[PDB]
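Novice: Here goes the first bit of my complex:
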Amino acid sequence: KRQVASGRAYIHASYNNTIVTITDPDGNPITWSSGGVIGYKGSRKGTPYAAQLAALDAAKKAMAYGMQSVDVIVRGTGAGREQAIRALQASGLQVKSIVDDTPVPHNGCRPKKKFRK
Amino acid sequence: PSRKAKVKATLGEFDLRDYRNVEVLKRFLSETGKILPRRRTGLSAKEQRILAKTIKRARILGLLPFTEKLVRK
C-alpha cells in the first residue's frame, strides 16, 4: 500500500547469489527477492535461472505496488547478472536505463587469501 | 583498437600544466573517471606524465571526477 509506480532496480550479483531489490526513486526499498527467496537452497542460488526467477518474483511484487518503470543498477560480477537484467527486460516492466555501480577500491583493503594473487 | 581517434589530434594548442581547464581535461577521461592510456590520449611519455598530475590536481579541486558510474550496459 504505497503506489510508487516509478523506481530503482538494484541487481546485486555475486558468484554465490543474485539479489534483486526494488525501491522508490529515493532508494527506499518496497520489495526484494533472491535466489534463496525462490525455492533454492544450495549453490543453485548463484544460477542464471535462479537469477531469472529472483528478478521475476521481485518485479511481480513491485508491480503489485503499482510499479511501471525501473532504473536498473547492477552491482557485482556474477553468473545471472545479465540473466537478471534480461529477466526484468520484459518483466512487464519498462527498463528506463541500466547503470553498473559495482564498487571498486582505489586499493585500500587487503583481500581474503582466496582473493589475493 | 583505439583508432577511432587520438585525443591530442582533436584538441588544438593547450596547456598541460593547467589543472583548472575542465573542458580540455575531461576529454582525457573515459566513460568512467579513469585517465585514458597513451594509446587513447596519443600523448608522449613526458606529456602523459604531466597530464596524470594535473588531472589529479583537478580532481582534488573538484573539477574532475575520481570515478563515474557506467551507464548503458
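Specialist: Yep, it's here. Numbers count the residues shown, from 1 in each chain, chains lettered A, B, ... in the order given.

Novice: Can you name the residues that contact residue A:13?
Specialist: By CB atoms under 8 Å, 6 or more residues apart in numbering or on different chains, the residues touching residue A:13 are A:19, A:51, A:74-81, A:84. (C-beta placed from N, C-alpha, C; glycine too.)

Novice: again but with residue A:104, I slipped
Specialist: The contact partners of residue A:104, taken as CB under 8 Å, 6+ apart, are residue B:67.

Novice: just to revisit the earlier point, switch the contacts of residue A:13 over to JSON lines; also include secondary structure, neighbour count and distance to chain B.
Specialist: As requested, the contacts of residue A:13 are exported to JSON lines (DSSP: H, G, I helix; E, B strand; the rest coil; neighbours: other CB atoms under 10 Å in any protein chain shown; distance: CB to the nearest CB, whole Å):
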{"residue": "A:19", "secondary structure": "strand", "neighbour count": "23", "distance to chain B": "18"}
{"residue": "A:51", "secondary structure": "helix", "neighbour count": "30", "distance to chain B": "16"}
{"residue": "A:74", "secondary structure": "strand", "neighbour count": "22", "distance to chain B": "7"}
{"residue": "A:75", "secondary structure": "strand", "neighbour count": "17", "distance to chain B": "11"}
{"residue": "A:76", "secondary structure": "coil", "neighbour count": "18", "distance to chain B": "13"}
{"residue": "A:77", "secondary structure": "coil", "neighbour count": "11", "distance to chain B": "12"}
{"residue": "A:78", "secondary structure": "coil", "neighbour count": "21", "distance to chain B": "15"}
{"residue": "A:79", "secondary structure": "coil", "neighbour count": "18", "distance to chain B": "16"}
{"residue": "A:80", "secondary structure": "coil", "neighbour count": "27", "distance to chain B": "15"}
{"residue": "A:81", "secondary structure": "helix", "neighbour count": "22", "distance to chain B": "10"}
{"residue": "A:84", "secondary structure": "helix", "neighbour count": "31", "distance to chain B": "12"}
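
Novice: and chain C, same structure:
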Amino acid sequence: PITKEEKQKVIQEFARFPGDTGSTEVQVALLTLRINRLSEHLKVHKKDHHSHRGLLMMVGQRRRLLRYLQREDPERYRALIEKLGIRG
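Specialist: Alright, chain C goes in next:
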C-alpha cells in the same frame, strides 16, 4: 636551499684571484657550505639516511682536497682551515 648570491659571495670570498671558480680553496669553501647546511638539516630529520650518505661522500671529497692542499702548499692549508674554522 642555496641561492646563487650565497654561492657568489663565498666564491668571491675564497677565490685565489678575480674569476677563480675551481681552485682548491673555493672547492673546499663550497663543500664546507653544503656540508654545514646539510648537517643543520640532519639535526632534524635524523631519520633521513639517503641524504646522510651524501654528507659522507661530501666529507670524503673535502678531506681528500684538504689532504692535497696540505701536501702541495701547507701555508695555504693553514690559511684555509683557519678561515673556515674546521679540523680543529
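
Novice: Once more for the contacts of residue A:13, now including chain C?
Specialist: Neighbouring residues of residue A:13 by CB under 8 Å, 6+ apart: A:19, A:51, A:74-81, A:84.

Novice: how close does residue B:9 get to residue B:16?
Specialist: Residue B:9 is 15 Å from residue B:16, where distance means CB to CB, to the nearest Å.

Novice: Look at the two and report which has more neighbours.
Specialist: Neighbours of residue B:9 and residue B:16, each counted by other CB atoms under 10 Å in any protein chain shown, are more numerous for residue B:16; the result is 18 against 8.

Novice: Pull the residues that contact the longest helix belonging to chain C.
Specialist: Criterion DSSP state H: the longest helix present in chain C is helix C:49-72. Applying CB under 8 Å, 6+ apart, the contact partners of helix C:49-72 are C:24-25, C:27-28, C:31-32, C:34-35, C:38-39, C:41-42, C:45, C:76-77, C:80-81, C:87.

Novice: For chain A, what lies in contact range of chain B?
Specialist: A:74, A:97-101, A:104, A:106 (CB under 8 Å from any CB of the partner chain).

Novice: Look up phi and psi at residue B:8.
Specialist: Backbone geometry at residue B:8, expressed as degrees, to the nearest 10, gives phi -60, psi -40.

Novice: That one reaches residue B:40, doesn't it?
Specialist: No. Applying CB atoms under 8 Å as the test, residue B:8 and residue B:40 come out as separate, 9.8 Å apart.

Novice: okay, those two: which has more neighbours?
Specialist: Per other CB under 10 Å, whichever of residue B:8 and residue B:40 has more neighbours is residue B:40, with 19 against 16.

Novice: ok, now which ones touch residue C:86?
Specialist: Residue C:86 neighbours (CB under 8 Å, 6+ apart): residue C:32.

Novice: add chain D to the structure above, sequence below:
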Amino acid sequence: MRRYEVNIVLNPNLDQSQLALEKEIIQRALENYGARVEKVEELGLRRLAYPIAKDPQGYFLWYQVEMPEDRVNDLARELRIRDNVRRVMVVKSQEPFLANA
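Specialist: Time to bring in chain D:
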C-alpha cells in the same frame, strides 16, 4: 621568496556581505603571512564533479602570489580554519607546457 597559486573553494550559499567577509578574511590572512598578491581570478559558483560537504557546487577563487616559502604551509593551515572555506590548495607556479603548439 617564491611564486605560488592559492586556490580557494567556498560555500556557494554565502550572501554578498558574508562572501566579501570571507574575501577580506583572505586578504588579511595573506597580508599577515606576508604574501604579495600579483594576480586574482574569482570564478565564483561552478558545478563540481562530486559533492563537497553535501553541496553540489562550489565558489572558486584563484590568487597568483609571491610569498616566503617557510610561511606557506602555515598560511594554508590558517585558510582552512574557516567553516565557509571548503577547499584550499597551494601550488608552486610553473611555466606552461603545450601539446600541439
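
Novice: and residue A:41, how far is that from chain B?
Specialist: Distance of residue A:41 to chain B, given as CB to the nearest CB, to the nearest Å: 30 Å.

Novice: From residue A:102, how far out is that residue?
Specialist: Residue A:41 is 26 Å from residue A:102, by CB to CB.

Novice: who's more crowded, those two?
Specialist: residue A:102 (15 against 9).

Novice: if we can go back for a sec, for the longest helix of chain C, buried residues please.
Specialist: For helix C:49-72, a neighbour-count test (16 or more other CB atoms under 10 Å in any protein chain shown) marks C:52, C:55, C:58, C:62, C:65-66, C:69 as buried.

Novice: So which of those is the closest to chain B?
Specialist: residue C:52 (29.4 Å; CB to the nearest CB).

Novice: Could you give the number of residues near residue D:67?
Specialist: By other CB under 10 Å, 20 other residues sit near residue D:67.

Novice: Please name the nearest non-neighbouring residue to it.
Specialist: Nearest residue to residue D:67, sequence neighbours excluded (CB to CB, 6 or more residues apart in numbering or on different chains): residue D:35, at 3.7 Å.

Novice: next one: residue D:78
Specialist: residue D:29 (5.0 Å).

Novice: what residues are up against the one you found?
Specialist: So residue D:29 contacts D:75, D:78-79 (CB under 8 Å, 6+ apart).

Novice: Buried ones among those?
Specialist: Counted by 16+ other CB under 10 Å, the contacts of residue D:29 give D:75, D:78-79 as buried.

Novice: Now secondary structure too, for those residues, in TSV please.
Specialist: Compiled in TSV, these are given as follows (DSSP: H, G, I helix; E, B strand; the rest coil):
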residue	secondary structure
D:75	helix
D:78	helix
D:79	helix
